[PDB]
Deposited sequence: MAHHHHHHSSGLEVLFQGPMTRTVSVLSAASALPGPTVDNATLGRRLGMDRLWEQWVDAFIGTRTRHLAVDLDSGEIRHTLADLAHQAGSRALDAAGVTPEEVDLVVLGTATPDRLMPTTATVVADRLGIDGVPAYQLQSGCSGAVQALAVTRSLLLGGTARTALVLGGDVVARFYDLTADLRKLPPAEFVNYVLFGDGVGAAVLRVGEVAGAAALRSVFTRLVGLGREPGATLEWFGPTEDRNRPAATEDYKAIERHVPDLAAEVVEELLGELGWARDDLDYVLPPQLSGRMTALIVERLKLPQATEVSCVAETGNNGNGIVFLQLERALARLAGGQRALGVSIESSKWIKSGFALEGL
């Protein structure tokens, strides 16, 4: 399976820390509020269009849509079906996964599976989040997308491996995010995080993903060109890269400019990696979801 393109859609202008401090290691972010001006669906439509244009694929050529989010516009209809309609994609399966930040890698894993097994040949994969209903310096809003096709396509990036794995048994959640019904009491934390557990466990789990990807591929550590690490903040990113022991690999990060946009991150990384990945160059991507300790990763070869 090849990755033909990846693109992103970020709402509005960059909002630096000065500006955010006034209105009230991550320097800027994009927000979907100026009033809410961009919905998940609007951004997924933009990202999907950009990805399809970059790949030279028309909407009619799409055989499958898979979208990962923690924050869909509504519970139903899904964002996946709504964005497929906006794009002119129809008569195809359209799946939506619910998760935190590894939902992007889950979407890539599901899609890889369905392309290799199936009648589908070309897929549009999306991931993103808009957390405007929950709002401060860590987060951002954003969606990204990628076009995948069966085969090795010259000039593209081969998706050499992908996996996800829950390693949460008996562990308390590391993050929570609630939704409310139309009449119930809402005076409780809508979102929670265990920073102590995240700081200790994310870098260890990121290292285990790297060791697994490398060992299954038979790839050597010093032969890796790029690493696309977890993107929680500038500080956490620096801490994880030191733990990964990939001194030869160039880091592909965005959180310091974009904020943590959850399921969008992997796609923004893919876009930035594909803008650098030459023929034969190798890349690892790692996504660790703290909600219930999901480790995930993938491997690309130019």
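> Which parts of the deposited sequence lack C-alpha coordinates in this model? Number from residue 1, please.
Gaps in the modelled chain, taken against the deposited sequence, lie at 1 to 23, 48 to 61, 72 to 75, 177 to 192, 360.
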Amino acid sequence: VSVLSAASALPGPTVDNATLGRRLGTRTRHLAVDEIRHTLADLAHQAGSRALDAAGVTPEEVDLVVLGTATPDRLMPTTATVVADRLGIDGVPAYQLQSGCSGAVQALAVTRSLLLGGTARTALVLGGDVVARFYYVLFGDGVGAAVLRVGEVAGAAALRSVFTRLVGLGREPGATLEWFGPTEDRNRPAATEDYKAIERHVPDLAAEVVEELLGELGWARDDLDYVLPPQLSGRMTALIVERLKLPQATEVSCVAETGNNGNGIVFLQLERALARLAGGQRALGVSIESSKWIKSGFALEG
From here on, numbers count along this sequence of modelled residues.
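> In the PDB record, does 197 to 205 or 75 to 83 carry the higher mean Cα temperature factor?
Stretch with the greater average CA B-factor: 197 to 205.
> Quick check on the record: does 280 to 288 or 12 to 20 carry the larger mean Cα temperature factor?
Per the PDB record, 12 to 20.
> Would you mind finding, among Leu43, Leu270, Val57, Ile240, the residue with the largest C-alpha temperature factor in the entry?
Largest recorded C-alpha B-factor: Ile240.
> Whose CA atom has the top B-factor in the entry, of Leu274, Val65, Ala249, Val266?
Of the candidates given, the C-alpha B-factor peaks at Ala249.
> Lowest, middle or highest third: where is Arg112 by Cα B-factor in its chain?
Bottom third by C-alpha B-factor.
> Is the Cα B-factor recorded for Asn187 in the lowest, middle or highest third of its chain?
Top third by C-alpha B-factor.
> Comparing against every modelled residue in the chain, figure out the third that the C-alpha B-factor of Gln96 lands in (lowest, middle or highest).
Tercile = lowest for this residue's CA B-factor.
> Looking at the temperature factor on the CA atom of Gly118, which third of the chain's modelled residues does it land in?
It belongs to the highest third of the chain when residues are ordered by C-alpha B-factor.
> Thinking about Cα B factors across the chain, which third does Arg160 belong to?
Within its chain, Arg160 is a middle-third residue by C-alpha B-factor, going by the deposited values.
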